[PDB]
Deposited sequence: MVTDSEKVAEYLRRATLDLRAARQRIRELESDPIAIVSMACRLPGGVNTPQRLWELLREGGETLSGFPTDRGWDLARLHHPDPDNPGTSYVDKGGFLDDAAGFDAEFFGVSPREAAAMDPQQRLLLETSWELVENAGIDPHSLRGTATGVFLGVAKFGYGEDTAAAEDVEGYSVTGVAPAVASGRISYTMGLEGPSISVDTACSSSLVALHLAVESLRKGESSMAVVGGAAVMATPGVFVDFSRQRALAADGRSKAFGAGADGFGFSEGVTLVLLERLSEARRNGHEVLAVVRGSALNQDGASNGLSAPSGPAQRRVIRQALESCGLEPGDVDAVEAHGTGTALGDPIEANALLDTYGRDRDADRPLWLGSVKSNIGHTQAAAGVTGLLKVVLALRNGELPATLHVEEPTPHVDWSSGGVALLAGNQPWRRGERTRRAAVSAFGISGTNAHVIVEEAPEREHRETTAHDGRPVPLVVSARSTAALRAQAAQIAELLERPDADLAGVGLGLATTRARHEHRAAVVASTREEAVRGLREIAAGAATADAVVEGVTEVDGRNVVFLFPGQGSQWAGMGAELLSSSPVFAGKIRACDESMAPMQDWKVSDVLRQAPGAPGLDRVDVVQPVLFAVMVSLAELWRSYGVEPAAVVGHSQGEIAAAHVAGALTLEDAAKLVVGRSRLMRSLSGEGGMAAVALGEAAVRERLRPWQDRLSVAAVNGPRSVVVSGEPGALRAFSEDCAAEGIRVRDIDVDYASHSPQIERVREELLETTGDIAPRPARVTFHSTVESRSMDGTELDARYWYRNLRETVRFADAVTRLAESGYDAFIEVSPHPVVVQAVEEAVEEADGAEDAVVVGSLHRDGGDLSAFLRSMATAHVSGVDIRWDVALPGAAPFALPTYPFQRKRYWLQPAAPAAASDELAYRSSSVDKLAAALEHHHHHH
């Protein structure tokens, strides 16, 4: 039969899928996307650590003074007095007692009772998440796991604070809480494990995280370790064993090798699967391939190491990933600097790598403890950082104290060579790989294989034009906001960063805290000046907006006024600077073409031989088209209205925004209304000033709109209001409009009352997807109730505006957006909202001004709306941009140390 071939094909496909699944479950590569560190000597960034390693130097220094230690009797040259240490140098963090309690929502008492390791871990985790280009708030609710190497050191063991009803003294020192707090604050939902295996805890955590990622329990892993000493006991203990170097330098594979020098430090890395990293577009720095663990077993004492165990670890690690000894260029050794540990490690490395090795490509050997010292549990992953840096800049840092190699190790084989000086490691045809080793006091051993990341080609579509660019900065405090603004200004001042990249990075990679500020600029100098003005303290320029908000979402209400917002050049260049606006205008012109001859685009562009902005029949369609185009432009940025309110004929536009009507039907209705409006051009007169005040002076002559408590517009009649203009004489009738022969909402309206129905009696309204609270009736209807009779009633009945605004404010809406080429009812809306109970945090924002109308003005209005709570998708304003690299959050630190 011929069916066999399809069976063969399906079997081959299934076999391939099964093999791929086996490979994914067994040896799926893992990608490193970001890292963070805090190391002695003022090293707080990976770049600073790389600079220190390349220059060649140590962080050795004297004992700390602010920790409250008693340095007087602590030091004694004789290694026999109890409670004294003969060494007095080591690597210590510059500021280990600083913390920003308010940023993480921690009361000062809890922060004071909290171990410094937890505080530093929180800060470094936030910095690591920010460095990857990921919004920290986006990780909330995900499945990110945490794996840390942390051990207790005895912080706050001399304090007996009784008033601890909350119980801060217990959870503030517990090693499990060191990761529980990170998970709780960041909102992660992955496994949280705090391992502790001597000084190799970090690599064990890395192995566990790799296993968890390969299984699929977690999608991201925060791996690392921390070690901060709060008491001088550690040194004292080792001072009894004479295991500390007198000078304090840890000479790895050197002639002296009299001991090791301890140091503090916190280190973290972020791990994710390579395929998912490529899918999501995260940056990739290096690839972890394989790892292995074992036990020393029966050895020459509990603490002494064993060579065969190390050889077995190396062989297992090489075999697990499918590699072979000979594809590894360099090994980052343990190198504690002891008298006999270094010979053992070097002999194991020679046995496992040196044999059958090319005589032209020796294995480079070095360690990082010769520069920064042995950083307790965080040592292992720390070495990893070095390798990653060596894979980015392209050279191997040298190892100090090497000029006299240890005579115990026989270097005559040539398989392994020490890093006397820097060696170039540029990318080539040979894939670059490296190994990291860690061995602990307990006996657990770890070996990890890392490889260079794959290649990205261009990712270059800058096209830095003169388009406006918004810069949005945010922070949880005024001082923090000022520091952030200063940092961004300093970053922009350098002549190597584009505005589009900085804007996109600020918009899509940083969080959105309470205090917010925004600057819309087209040139680098303008942005720098605006940021400097923000950082100064006082904001004066209109291009700078600042605000404070306590929420993240608002109910947006679109409101459309009637007439009075006319200005020649509405938008203008805006038509050519925004595809959506031009497209909507063209659609409106196409819809209106089968009835007229002139085009709205010609009028907006001041084309010659076109009607001016003086006749109603041409003013109204222009206003309607501008209004609908502005609504579409607003919606294109991610702002979706929850209710629409129209004033007078503007209601029609609102209907089209509501979706109840269609573009053709709405255009035809507006055209018919304007045409009938033109005929009744003999009587009119709008006047502006309490309903009762108007009623008591309206009887002799035989009310159009109500905007507030003292804002009433009356009907139109030349003779009737000719006397009214002077009858008040008490600031009654002062504000007047042009309104040449309108007489809207007047008994003159029902004079015709039939041709409008005949012309507009062809609409086909449909149900709407958004509330359409009208003004003629204080109610919310649907499309099915919007007929020509309703429009006639709207033309006739009163269009009271204050009641609708008050009802919306009391209902729960708290964000009113004004959509018009010029704000005319913003003041009335603000007054009505303030007078009504509603909420005391409502924000009213306008649109293009009568003197602006440029895309810059629209972006400024959007920033004004955003700094108050409204969510806006800024990336739309920056198409085809490449995100940049920005400094992390500028924490404001205070001293929290438990003083004895």
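**Q** Which parts of the deposited sequence lack C-alpha coordinates in this model? Number from residue 1, please.
**A** Unobserved in coordinates, per deposited numbering: 1 to 4, 694 to 695, 709 to 712, 911 to 941.
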